[PDB]
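J.: Following this line is work.pdb, made up of PDB, C-alpha atoms (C1' of nucleotides):
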```pdb
MODEL        1
ATOM      1  CA  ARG X   3       2.337  37.806  -3.600  1.00  0.00           C
ATOM      2  CA  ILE X   4       3.349  35.621  -0.686  1.00  0.00           C
ATOM      3  CA  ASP X   5       5.294  37.973   1.534  1.00  0.00           C
ATOM      4  CA  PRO X   6       8.739  36.465   2.228  1.00  0.00           C
ATOM      5  CA  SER X   7       9.049  36.448   5.984  1.00  0.00           C
ATOM      6  CA  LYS X   8      12.592  37.832   6.242  1.00  0.00           C
ATOM      7  CA  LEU X   9      11.863  40.934   8.329  1.00  0.00           C
ATOM      8  CA  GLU X  10      11.922  41.783  11.997  1.00  0.00           C
ATOM      9  CA  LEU X  11       8.648  40.560  13.486  1.00  0.00           C
ATOM     10  CA  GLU X  12       7.171  41.201  16.910  1.00  0.00           C
ATOM     11  CA  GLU X  13       5.037  38.022  17.419  1.00  0.00           C
ATOM     12  CA  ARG X  14       2.628  38.577  20.301  1.00  0.00           C
ATOM     13  CA  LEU X  15      -0.172  36.145  21.090  1.00  0.00           C
ATOM     14  CA  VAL X  16      -3.903  36.418  21.619  1.00  0.00           C
ATOM     15  CA  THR X  17      -5.017  33.228  23.368  1.00  0.00           C
ATOM     16  CA  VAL X  18      -3.953  29.744  24.334  1.00  0.00           C
ATOM     17  CA  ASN X  19      -6.965  27.480  24.720  1.00  0.00           C
ATOM     18  CA  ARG X  20      -6.763  24.169  26.570  1.00  0.00           C
ATOM     19  CA  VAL X  21      -8.293  21.726  24.232  1.00  0.00           C
ATOM     20  CA  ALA X  22      -9.320  18.158  24.968  1.00  0.00           C
ATOM     21  CA  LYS X  23      -9.711  14.798  23.227  1.00  0.00           C
ATOM     22  CA  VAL X  24     -11.533  11.937  24.946  1.00  0.00           C
ATOM     23  CA  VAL X  25      -9.953   8.457  24.799  1.00  0.00           C
ATOM     24  CA  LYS X  26     -10.739   5.090  26.486  1.00  0.00           C
ATOM     25  CA  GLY X  27      -8.488   6.283  29.297  1.00  0.00           C
ATOM     26  CA  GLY X  28     -10.087   9.711  29.524  1.00  0.00           C
ATOM     27  CA  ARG X  29      -9.385  13.283  28.585  1.00  0.00           C
ATOM     28  CA  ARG X  30      -6.095  14.052  26.842  1.00  0.00           C
ATOM     29  CA  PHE X  31      -5.284  17.727  26.604  1.00  0.00           C
ATOM     30  CA  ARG X  32      -3.387  19.981  24.226  1.00  0.00           C
ATOM     31  CA  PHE X  33      -2.795  23.712  24.043  1.00  0.00           C
ATOM     32  CA  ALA X  34      -4.020  25.557  20.960  1.00  0.00           C
ATOM     33  CA  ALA X  35      -2.348  28.942  20.671  1.00  0.00           C
ATOM     34  CA  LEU X  36      -3.073  31.514  18.025  1.00  0.00           C
ATOM     35  CA  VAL X  37      -0.450  34.218  17.595  1.00  0.00           C
ATOM     36  CA  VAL X  38      -0.461  37.357  15.427  1.00  0.00           C
ATOM     37  CA  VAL X  39       2.910  38.202  13.842  1.00  0.00           C
ATOM     38  CA  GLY X  40       4.050  41.133  11.765  1.00  0.00           C
ATOM     39  CA  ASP X  41       6.244  44.150  11.478  1.00  0.00           C
ATOM     40  CA  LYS X  42       4.627  47.531  11.872  1.00  0.00           C
ATOM     41  CA  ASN X  43       5.305  48.555   8.262  1.00  0.00           C
ATOM     42  CA  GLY X  44       2.247  46.921   6.684  1.00  0.00           C
ATOM     43  CA  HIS X  45       2.689  43.123   6.889  1.00  0.00           C
ATOM     44  CA  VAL X  46       0.456  41.112   9.224  1.00  0.00           C
ATOM     45  CA  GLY X  47      -0.356  37.447   9.641  1.00  0.00           C
ATOM     46  CA  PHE X  48      -1.553  35.006  12.272  1.00  0.00           C
ATOM     47  CA  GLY X  49      -1.251  31.319  12.919  1.00  0.00           C
ATOM     48  CA  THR X  50      -2.478  28.436  15.030  1.00  0.00           C
ATOM     49  CA  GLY X  51      -0.327  25.891  16.799  1.00  0.00           C
ATOM     50  CA  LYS X  52      -1.136  22.813  18.822  1.00  0.00           C
ATOM     51  CA  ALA X  53       0.993  20.795  21.204  1.00  0.00           C
ATOM     52  CA  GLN X  54       0.999  19.098  24.597  1.00  0.00           C
ATOM     53  CA  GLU X  55       2.803  22.176  25.950  1.00  0.00           C
ATOM     54  CA  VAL X  56       2.314  25.924  25.942  1.00  0.00           C
ATOM     55  CA  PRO X  57       5.745  26.967  24.509  1.00  0.00           C
ATOM     56  CA  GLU X  58       5.772  24.436  21.644  1.00  0.00           C
ATOM     57  CA  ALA X  59       2.286  25.639  20.760  1.00  0.00           C
ATOM     58  CA  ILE X  60       3.594  29.199  20.647  1.00  0.00           C
ATOM     59  CA  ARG X  61       6.506  27.968  18.489  1.00  0.00           C
ATOM     60  CA  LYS X  62       4.257  26.246  15.937  1.00  0.00           C
ATOM     61  CA  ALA X  63       1.875  29.190  15.952  1.00  0.00           C
ATOM     62  CA  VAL X  64       4.657  31.708  15.285  1.00  0.00           C
ATOM     63  CA  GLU X  65       5.970  29.507  12.448  1.00  0.00           C
ATOM     64  CA  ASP X  66       2.559  29.073  10.795  1.00  0.00           C
ATOM     65  CA  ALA X  67       1.916  32.786  11.316  1.00  0.00           C
ATOM     66  CA  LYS X  68       5.148  33.722   9.571  1.00  0.00           C
ATOM     67  CA  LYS X  69       4.131  31.444   6.693  1.00  0.00           C
ATOM     68  CA  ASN X  70       0.870  33.244   5.893  1.00  0.00           C
ATOM     69  CA  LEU X  71       1.405  37.006   5.746  1.00  0.00           C
ATOM     70  CA  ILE X  72      -0.922  39.650   4.333  1.00  0.00           C
ATOM     71  CA  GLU X  73      -0.336  43.256   3.277  1.00  0.00           C
ATOM     72  CA  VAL X  74      -2.272  46.316   4.418  1.00  0.00           C
ATOM     73  CA  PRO X  75      -2.390  49.812   2.876  1.00  0.00           C
ATOM     74  CA  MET X  76      -1.332  52.402   5.434  1.00  0.00           C
ATOM     75  CA  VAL X  77      -2.650  55.549   3.694  1.00  0.00           C
ATOM     76  CA  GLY X  78      -1.851  58.439   6.018  1.00  0.00           C
ATOM     77  CA  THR X  79      -1.220  56.010   8.954  1.00  0.00           C
ATOM     78  CA  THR X  80      -4.876  54.880   8.603  1.00  0.00           C
ATOM     79  CA  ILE X  81      -6.787  52.636   6.246  1.00  0.00           C
ATOM     80  CA  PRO X  82      -7.861  54.012   2.827  1.00  0.00           C
ATOM     81  CA  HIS X  83     -11.614  53.394   3.093  1.00  0.00           C
ATOM     82  CA  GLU X  84     -14.187  52.034   5.544  1.00  0.00           C
ATOM     83  CA  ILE X  85     -14.742  48.300   5.191  1.00  0.00           C
ATOM     84  CA  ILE X  86     -16.550  45.437   6.921  1.00  0.00           C
ATOM     85  CA  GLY X  87     -14.690  42.138   7.156  1.00  0.00           C
ATOM     86  CA  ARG X  88     -16.997  39.165   7.468  1.00  0.00           C
ATOM     87  CA  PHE X  89     -15.283  35.805   7.931  1.00  0.00           C
ATOM     88  CA  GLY X  90     -18.042  33.526   9.159  1.00  0.00           C
ATOM     89  CA  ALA X  91     -20.206  35.179  11.875  1.00  0.00           C
ATOM     90  CA  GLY X  92     -17.421  37.519  12.843  1.00  0.00           C
ATOM     91  CA  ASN X  93     -18.170  40.904  11.277  1.00  0.00           C
ATOM     92  CA  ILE X  94     -15.907  43.875  11.977  1.00  0.00           C
ATOM     93  CA  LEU X  95     -16.163  47.384  10.574  1.00  0.00           C
ATOM     94  CA  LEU X  96     -13.049  49.488  10.159  1.00  0.00           C
ATOM     95  CA  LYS X  97     -13.124  53.227   9.596  1.00  0.00           C
ATOM     96  CA  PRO X  98     -10.171  55.480   8.911  1.00  0.00           C
ATOM     97  CA  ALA X  99      -9.672  57.977  11.700  1.00  0.00           C
ATOM     98  CA  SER X 100      -7.961  61.301  12.231  1.00  0.00           C
ATOM     99  CA  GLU X 101      -4.334  61.598  13.265  1.00  0.00           C
ATOM    100  CA  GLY X 102      -4.905  61.738  17.010  1.00  0.00           C
ATOM    101  CA  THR X 103      -7.323  58.932  17.742  1.00  0.00           C
ATOM    102  CA  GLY X 104      -5.232  55.844  18.341  1.00  0.00           C
ATOM    103  CA  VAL X 105      -6.259  52.292  17.516  1.00  0.00           C
ATOM    104  CA  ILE X 106      -9.836  52.017  18.760  1.00  0.00           C
ATOM    105  CA  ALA X 107     -10.350  48.250  18.706  1.00  0.00           C
ATOM    106  CA  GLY X 108     -10.973  45.229  20.890  1.00  0.00           C
ATOM    107  CA  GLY X 109      -8.311  42.731  21.894  1.00  0.00           C
ATOM    108  CA  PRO X 110      -7.465  40.573  18.868  1.00  0.00           C
ATOM    109  CA  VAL X 111      -8.609  43.277  16.428  1.00  0.00           C
ATOM    110  CA  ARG X 112      -6.291  45.600  18.334  1.00  0.00           C
ATOM    111  CA  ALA X 113      -3.466  43.073  17.994  1.00  0.00           C
ATOM    112  CA  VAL X 114      -3.947  42.832  14.213  1.00  0.00           C
ATOM    113  CA  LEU X 115      -4.136  46.590  13.799  1.00  0.00           C
ATOM    114  CA  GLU X 116      -1.169  47.315  16.052  1.00  0.00           C
ATOM    115  CA  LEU X 117       1.006  44.685  14.371  1.00  0.00           C
ATOM    116  CA  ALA X 118      -0.121  46.121  11.039  1.00  0.00           C
ATOM    117  CA  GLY X 119       1.435  49.516  11.648  1.00  0.00           C
ATOM    118  CA  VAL X 120      -1.952  51.204  11.299  1.00  0.00           C
ATOM    119  CA  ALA X 121      -2.234  53.798  14.013  1.00  0.00           C
ATOM    120  CA  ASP X 122      -5.628  55.495  13.760  1.00  0.00           C
ATOM    121  CA  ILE X 123      -8.528  53.063  13.391  1.00  0.00           C
ATOM    122  CA  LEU X 124     -12.126  53.333  14.414  1.00  0.00           C
ATOM    123  CA  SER X 125     -13.385  49.764  14.522  1.00  0.00           C
ATOM    124  CA  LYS X 126     -16.122  47.623  15.987  1.00  0.00           C
ATOM    125  CA  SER X 127     -16.964  43.913  15.994  1.00  0.00           C
ATOM    126  CA  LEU X 128     -20.579  43.338  14.986  1.00  0.00           C
ATOM    127  CA  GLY X 129     -20.617  39.599  15.453  1.00  0.00           C
ATOM    128  CA  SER X 130     -19.309  36.769  17.563  1.00  0.00           C
ATOM    129  CA  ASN X 131     -16.313  37.330  19.793  1.00  0.00           C
ATOM    130  CA  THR X 132     -14.140  34.287  19.348  1.00  0.00           C
ATOM    131  CA  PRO X 133     -10.590  35.491  18.687  1.00  0.00           C
ATOM    132  CA  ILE X 134      -9.937  33.167  15.732  1.00  0.00           C
ATOM    133  CA  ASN X 135     -12.881  34.240  13.609  1.00  0.00           C
ATOM    134  CA  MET X 136     -12.433  37.888  14.580  1.00  0.00           C
ATOM    135  CA  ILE X 137      -8.808  37.818  13.436  1.00  0.00           C
ATOM    136  CA  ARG X 138      -9.908  36.135  10.195  1.00  0.00           C
ATOM    137  CA  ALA X 139     -12.532  38.863   9.828  1.00  0.00           C
ATOM    138  CA  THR X 140      -9.984  41.644  10.327  1.00  0.00           C
ATOM    139  CA  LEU X 141      -7.639  40.169   7.750  1.00  0.00           C
ATOM    140  CA  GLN X 142     -10.582  39.698   5.398  1.00  0.00           C
ATOM    141  CA  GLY X 143     -11.283  43.408   5.801  1.00  0.00           C
ATOM    142  CA  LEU X 144      -7.641  44.281   5.262  1.00  0.00           C
ATOM    143  CA  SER X 145      -7.282  42.051   2.197  1.00  0.00           C
ATOM    144  CA  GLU X 146     -10.193  43.711   0.400  1.00  0.00           C
ATOM    145  CA  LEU X 147      -8.741  47.205   0.847  1.00  0.00           C
ATOM    146  CA  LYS X 148      -7.785  49.289  -2.172  1.00  0.00           C
ATOM    147  CA  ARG X 149      -5.024  51.777  -2.835  1.00  0.00           C
ATOM    148  CA  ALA X 150      -5.914  55.066  -4.521  1.00  0.00           C
ATOM    149  CA  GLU X 151      -2.892  54.680  -6.771  1.00  0.00           C
ATOM    150  CA  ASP X 152      -3.976  51.168  -7.678  1.00  0.00           C
ATOM    151  CA  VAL X 153      -7.639  52.095  -8.197  1.00  0.00           C
ATOM    152  CA  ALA X 154      -6.565  55.029 -10.351  1.00  0.00           C
ATOM    153  CA  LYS X 155      -4.548  52.476 -12.306  1.00  0.00           C
ATOM    154  CA  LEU X 156      -7.658  50.261 -12.428  1.00  0.00           C
ATOM    155  CA  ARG X 157     -10.124  52.786 -13.839  1.00  0.00           C
ATOM    156  CA  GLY X 158      -7.863  53.838 -16.712  1.00  0.00           C
ATOM    157  CA  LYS X 159      -7.637  57.093 -14.814  1.00  0.00           C
ATOM    158  CA  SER X 160      -5.249  59.292 -12.820  1.00  0.00           C
ATOM    159  CA  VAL X 161      -5.155  59.837  -9.043  1.00  0.00           C
ATOM    160  CA  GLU X 162      -6.178  63.491  -9.126  1.00  0.00           C
ATOM    161  CA  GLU X 163      -9.116  62.562 -11.355  1.00  0.00           C
ATOM    162  CA  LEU X 164     -10.244  60.473  -8.385  1.00  0.00           C
ATOM    163  CA  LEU X 165      -9.185  62.413  -5.315  1.00  0.00           C
ATOM    164  CA  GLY X 166     -10.923  65.649  -6.305  1.00  0.00           C
TER     165      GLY X 166
ATOM    166  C1'   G Q   1     -16.451  59.665  15.559  1.00  0.00           C
ATOM    167  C1'   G Q   2     -17.804  53.541  16.978  1.00  0.00           C
ATOM    168  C1'   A Q   3     -12.743  48.805  22.043  1.00  0.00           C
ATOM    169  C1'   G Q   4     -15.331  44.675  24.826  1.00  0.00           C
ATOM    170  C1'   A Q   5     -15.222  40.397  28.695  1.00  0.00           C
ATOM    171  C1'   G Q   6     -17.271  36.014  31.553  1.00  0.00           C
ATOM    172  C1'   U Q   7     -20.827  32.193  31.197  1.00  0.00           C
ATOM    173  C1'   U Q   8     -24.458  26.345  27.693  1.00  0.00           C
ATOM    174  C1'   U Q   9     -19.240  21.732  26.169  1.00  0.00           C
ATOM    175  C1'   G Q  10     -15.101  16.309  27.564  1.00  0.00           C
ATOM    176  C1'   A Q  11     -13.331  19.865  23.751  1.00  0.00           C
ATOM    177  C1'   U Q  12     -15.309  23.416  19.609  1.00  0.00           C
ATOM    178  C1'   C Q  13     -18.173  26.764  16.212  1.00  0.00           C
ATOM    179  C1'   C Q  14     -22.655  29.326  15.844  1.00  0.00           C
ATOM    180  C1'   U Q  15     -27.399  30.910  17.833  1.00  0.00           C
ATOM    181  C1'   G Q  16     -29.103  32.946  22.419  1.00  0.00           C
ATOM    182  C1'   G Q  17     -30.211  35.280  26.843  1.00  0.00           C
ATOM    183  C1'   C Q  18     -28.014  36.809  31.411  1.00  0.00           C
ATOM    184  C1'   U Q  19     -23.810  39.453  34.010  1.00  0.00           C
ATOM    185  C1'   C Q  20     -19.790  43.196  34.082  1.00  0.00           C
ATOM    186  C1'   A Q  21     -16.340  47.355  32.897  1.00  0.00           C
ATOM    187  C1'   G Q  22     -18.836  54.042  31.441  1.00  0.00           C
ATOM    188  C1'   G Q  23     -21.364  58.576  32.075  1.00  0.00           C
ATOM    189  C1'   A Q  24     -25.451  60.989  34.976  1.00  0.00           C
ATOM    190  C1'   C Q  25     -28.667  62.603  39.083  1.00  0.00           C
ATOM    191  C1'   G Q  26     -33.170  68.109  42.988  1.00  0.00           C
ATOM    192  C1'   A Q  27     -30.727  61.533  44.722  1.00  0.00           C
ATOM    193  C1'   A Q  28     -30.439  58.798  49.580  1.00  0.00           C
ATOM    194  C1'   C Q  29     -27.398  55.423  52.705  1.00  0.00           C
ATOM    195  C1'   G Q  30     -22.468  53.947  54.916  1.00  0.00           C
ATOM    196  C1'   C Q  31     -17.431  55.395  56.218  1.00  0.00           C
ATOM    197  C1'   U Q  32     -14.882  59.929  56.456  1.00  0.00           C
ATOM    198  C1'   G Q  33     -14.412  65.218  56.383  1.00  0.00           C
ATOM    199  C1'   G Q  34     -10.268  71.452  55.272  1.00  0.00           C
ATOM    200  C1'   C Q  35     -11.491  76.070  52.981  1.00  0.00           C
ATOM    201  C1'   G Q  36     -13.076  79.379  48.922  1.00  0.00           C
ATOM    202  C1'   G Q  37     -16.142  80.477  44.355  1.00  0.00           C
ATOM    203  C1'   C Q  38     -20.611  79.416  41.724  1.00  0.00           C
ATOM    204  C1'   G Q  39     -25.111  76.700  41.531  1.00  0.00           C
ATOM    205  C1'   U Q  40     -28.873  73.628  43.979  1.00  0.00           C
ATOM    206  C1'   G Q  41     -31.690  72.020  48.009  1.00  0.00           C
ATOM    207  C1'   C Q  42     -39.988  68.234  49.994  1.00  0.00           C
ATOM    208  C1'   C Q  43     -39.253  64.136  43.805  1.00  0.00           C
ATOM    209  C1'   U Q  44     -43.221  61.917  48.965  1.00  0.00           C
ATOM    210  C1'   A Q  45     -49.343  64.041  51.159  1.00  0.00           C
ATOM    211  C1'   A Q  46     -52.442  69.213  45.622  1.00  0.00           C
ATOM    212  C1'   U Q  47     -51.629  66.306  53.593  1.00  0.00           C
ATOM    213  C1'   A Q  48     -53.040  69.737  57.796  1.00  0.00           C
ATOM    214  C1'   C Q  49     -51.282  74.391  59.509  1.00  0.00           C
ATOM    215  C1'   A Q  50     -49.798  77.817  65.458  1.00  0.00           C
ATOM    216  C1'   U Q  51     -47.071  82.623  64.630  1.00  0.00           C
ATOM    217  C1'   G Q  52     -44.658  86.665  61.845  1.00  0.00           C
ATOM    218  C1'   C Q  53     -44.684  89.309  57.557  1.00  0.00           C
ATOM    219  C1'   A Q  54     -46.162  88.485  51.600  1.00  0.00           C
ATOM    220  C1'   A Q  55     -50.510  95.243  48.658  1.00  0.00           C
ATOM    221  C1'   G Q  56     -50.822  99.215  49.283  1.00  0.00           C
ATOM    222  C1'   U Q  57     -50.567 104.293  48.153  1.00  0.00           C
ATOM    223  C1'   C Q  58     -52.119 109.660  46.975  1.00  0.00           C
ATOM    224  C1'   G Q  59     -53.659 115.778  51.860  1.00  0.00           C
ATOM    225  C1'   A Q  60     -51.454 118.894  44.429  1.00  0.00           C
ATOM    226  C1'   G Q  61     -59.650 115.307  44.482  1.00  0.00           C
ATOM    227  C1'   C Q  62     -62.650 115.943  49.114  1.00  0.00           C
ATOM    228  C1'   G Q  63     -65.297 116.981  54.026  1.00  0.00           C
ATOM    229  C1'   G Q  64     -64.238 116.508  59.155  1.00  0.00           C
ATOM    230  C1'   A Q  65     -60.724 115.821  62.791  1.00  0.00           C
ATOM    231  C1'   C Q  66     -56.076 115.694  66.111  1.00  0.00           C
ATOM    232  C1'   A Q  67     -52.136 118.438  67.610  1.00  0.00           C
ATOM    233  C1'   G Q  68     -49.373 123.205  66.995  1.00  0.00           C
ATOM    234  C1'   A Q  69     -48.509 128.454  68.081  1.00  0.00           C
ATOM    235  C1'   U Q  70     -46.839 133.620  64.331  1.00  0.00           C
ATOM    236  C1'   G Q  71     -48.881 137.469  66.564  1.00  0.00           C
ATOM    237  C1'   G Q  72     -53.823 138.777  70.175  1.00  0.00           C
ATOM    238  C1'   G Q  73     -55.563 138.993  75.050  1.00  0.00           C
ATOM    239  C1'   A Q  74     -56.843 136.234  79.887  1.00  0.00           C
ATOM    240  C1'   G Q  75     -56.562 134.973  85.716  1.00  0.00           C
ATOM    241  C1'   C Q  76     -53.743 134.563  89.902  1.00  0.00           C
TER     242        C Q  76
ENDMDL
END
```
Turn the structure described in the file into structure tokens.
T.:
Amino acid sequence: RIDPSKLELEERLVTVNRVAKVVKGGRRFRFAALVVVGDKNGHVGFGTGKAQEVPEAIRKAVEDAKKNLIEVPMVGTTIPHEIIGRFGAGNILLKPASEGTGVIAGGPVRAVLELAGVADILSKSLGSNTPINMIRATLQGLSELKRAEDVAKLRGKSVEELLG
RNA sequence: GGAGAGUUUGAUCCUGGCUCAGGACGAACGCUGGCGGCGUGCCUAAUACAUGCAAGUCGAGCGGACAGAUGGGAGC
């Protein structure tokens, strides 16, 4: 479901772009921030915010990021299975890793996976490197993940009839 | 066992090349320089080389030699 946002959230930002609109007078600027928000227990989200200022943009981005939250399975502090998330010419593979590796990821992917609470990720972006579409690609790859308990419940099966 | 970033625009998303962050040398150059261990050290002209050595040995295969004096005598 929609994750109700009443938690403690850490809310760090990826980028603020300076973003123009041409009028009869000339260029009129705004600041478009996108901020990733989530506790490190499995709830992530991100949001965009636009204003004339930097801090109001970060305000609106943190609000819209708290609105849309997603869940991620944290099976053994990793992800359950390797997946490619592909939101619109941003394609990012995610492998589970062993317990020592640390989050191996680039900047906004690293922000999603650190604010997810997932600790051991092999990952790589195989597409364009805008932060917005890469964050959408990561959360596409984390929405399509599957729990072994839930897939065992899906196949009319038991967990040990899957895991061995 | 797998990290990306800058740059086409007034602003943006893609495509797209270019550029960077890494590890390596039989490396060289520049600045600098303490030792020890272990390794390596003409990549070029298979260009030309003074000098010194780098393949000799067996007298239990052989003939002749050179010394040598165990005793033997020789001239003062």
J.: Taking the file as shown, find all residues satisfying the PyMOL selection byres ((chain X) within 9 of (chain Q)) and write them as a PDB file with C-alpha atoms, in the coordinates of the input.
T.:
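The result, written out as expr_22.pdb:
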```pdb
ATOM      1  CA  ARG X  20      -6.763  24.169  26.570  1.00  0.00           C
ATOM      2  CA  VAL X  21      -8.293  21.726  24.232  1.00  0.00           C
ATOM      3  CA  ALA X  22      -9.320  18.158  24.968  1.00  0.00           C
ATOM      4  CA  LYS X  23      -9.711  14.798  23.227  1.00  0.00           C
ATOM      5  CA  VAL X  24     -11.533  11.937  24.946  1.00  0.00           C
ATOM      6  CA  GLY X  28     -10.087   9.711  29.524  1.00  0.00           C
ATOM      7  CA  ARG X  29      -9.385  13.283  28.585  1.00  0.00           C
ATOM      8  CA  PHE X  31      -5.284  17.727  26.604  1.00  0.00           C
ATOM      9  CA  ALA X  91     -20.206  35.179  11.875  1.00  0.00           C
ATOM     10  CA  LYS X  97     -13.124  53.227   9.596  1.00  0.00           C
ATOM     11  CA  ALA X  99      -9.672  57.977  11.700  1.00  0.00           C
ATOM     12  CA  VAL X 105      -6.259  52.292  17.516  1.00  0.00           C
ATOM     13  CA  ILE X 106      -9.836  52.017  18.760  1.00  0.00           C
ATOM     14  CA  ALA X 107     -10.350  48.250  18.706  1.00  0.00           C
ATOM     15  CA  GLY X 108     -10.973  45.229  20.890  1.00  0.00           C
ATOM     16  CA  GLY X 109      -8.311  42.731  21.894  1.00  0.00           C
ATOM     17  CA  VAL X 111      -8.609  43.277  16.428  1.00  0.00           C
ATOM     18  CA  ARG X 112      -6.291  45.600  18.334  1.00  0.00           C
ATOM     19  CA  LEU X 124     -12.126  53.333  14.414  1.00  0.00           C
ATOM     20  CA  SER X 125     -13.385  49.764  14.522  1.00  0.00           C
ATOM     21  CA  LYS X 126     -16.122  47.623  15.987  1.00  0.00           C
ATOM     22  CA  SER X 127     -16.964  43.913  15.994  1.00  0.00           C
ATOM     23  CA  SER X 130     -19.309  36.769  17.563  1.00  0.00           C
ATOM     24  CA  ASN X 131     -16.313  37.330  19.793  1.00  0.00           C
TER      25      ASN X 131
END
```
J.: Taking the file as shown, find all residues satisfying the PyMOL selection byres ((chain X and resi 17) around 6) and write them as a ChimeraX atom specification.
T.: /X:16,18,35-36
J.: Could you spell out the hits of the PyMOL selection byres ((chain X and resi 71) around 8) on the shown file, as an mmCIF file with C-alpha atoms, in the frame of the given file?
T.:
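result38.cif was written with the following content:
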```
data_model
loop_
_atom_site.group_PDB
_atom_site.id
_atom_site.type_symbol
_atom_site.label_atom_id
_atom_site.label_comp_id
_atom_site.auth_asym_id
_atom_site.auth_seq_id
_atom_site.Cartn_x
_atom_site.Cartn_y
_atom_site.Cartn_z
ATOM 1 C CA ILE X 4 3.349 35.621 -0.686
ATOM 2 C CA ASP X 5 5.294 37.973 1.534
ATOM 3 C CA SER X 7 9.049 36.448 5.984
ATOM 4 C CA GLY X 40 4.050 41.133 11.765
ATOM 5 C CA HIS X 45 2.689 43.123 6.889
ATOM 6 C CA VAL X 46 0.456 41.112 9.224
ATOM 7 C CA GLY X 47 -0.356 37.447 9.641
ATOM 8 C CA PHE X 48 -1.553 35.006 12.272
ATOM 9 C CA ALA X 67 1.916 32.786 11.316
ATOM 10 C CA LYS X 68 5.148 33.722 9.571
ATOM 11 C CA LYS X 69 4.131 31.444 6.693
ATOM 12 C CA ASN X 70 0.870 33.244 5.893
ATOM 13 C CA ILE X 72 -0.922 39.650 4.333
ATOM 14 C CA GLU X 73 -0.336 43.256 3.277
#
```
J.: What is the CA of residue 39 (chain X)-CA of residue 138 (chain X) distance in Å, reported with one decimal?
T.: 13.5 Å
J.: Kindly give the distance, in Å, that separates CA of residue 93 (chain X) and CA of residue 117 (chain X), rounded to a single decimal.
T.: 19.8 Å
J.: What gap, in Å, lies between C1' of residue 26 (chain Q) and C1' of residue 48 (chain Q)?
T.: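 Those two atoms sit 24.8 Å apart.
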J.: So which residues touch residue 7 (chain Q) within 12 Å, counting only C-alpha atoms (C1' of nucleotides), skipping near sequence neighbours fewer than 2 positions away, as an MDAnalysis selection string?
T.: chainID Q and resid 5 9 17:20
J.: Which of these, X:55, X:116, X:152, X:122, has the shortest distance to residue 100 (chain X) once you count only C-alpha atoms?
T.: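 The shortest atom-to-atom distance to residue 100 (chain X) comes from X:122.
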J.: Around region 36-49 of chain X, with edges along x, y and z and 3 Å added on all six sides, what centre and edge lengths do you get, in Å to one decimal, as lines of an AutoDock Vina configuration file?
T.:
```
center_x = 1.6
center_y = 39.9
center_z = 12.4
size_x = 15.3
size_y = 23.2
size_z = 17.3
```
J.: Give me the residues near residue 149 (chain X) as a list in words, where near means some atom within 8 Å (using all atoms listed in the file) and where sequence neighbours in that chain fewer than 6 positions away do not count.
T.: residues 75, 77 and 82 of chain X
J.: Export C-alpha atoms of region 146-159 of chain X from the structure just given, as a compact mmCIF listing (two decimals), in the first residue's frame?
T.:
```txt
# COMPACT_ATOMS: atom_id res chain seq x y z
CA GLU X 146 9.68 -5.42 -9.21
CA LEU X 147 11.57 -7.37 -6.54
CA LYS X 148 10.06 -10.49 -5.02
CA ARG X 149 10.17 -12.00 -1.56
CA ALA X 150 10.87 -15.72 -1.23
CA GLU X 151 8.08 -15.97 1.32
CA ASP X 152 5.72 -14.19 -1.04
CA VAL X 153 6.77 -16.19 -4.11
CA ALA X 154 6.38 -19.40 -2.11
CA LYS X 155 2.90 -18.12 -1.29
CA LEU X 156 2.40 -17.38 -5.00
CA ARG X 157 3.30 -20.80 -6.41
CA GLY X 158 1.01 -22.71 -4.05
CA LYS X 159 4.24 -23.93 -2.54
```
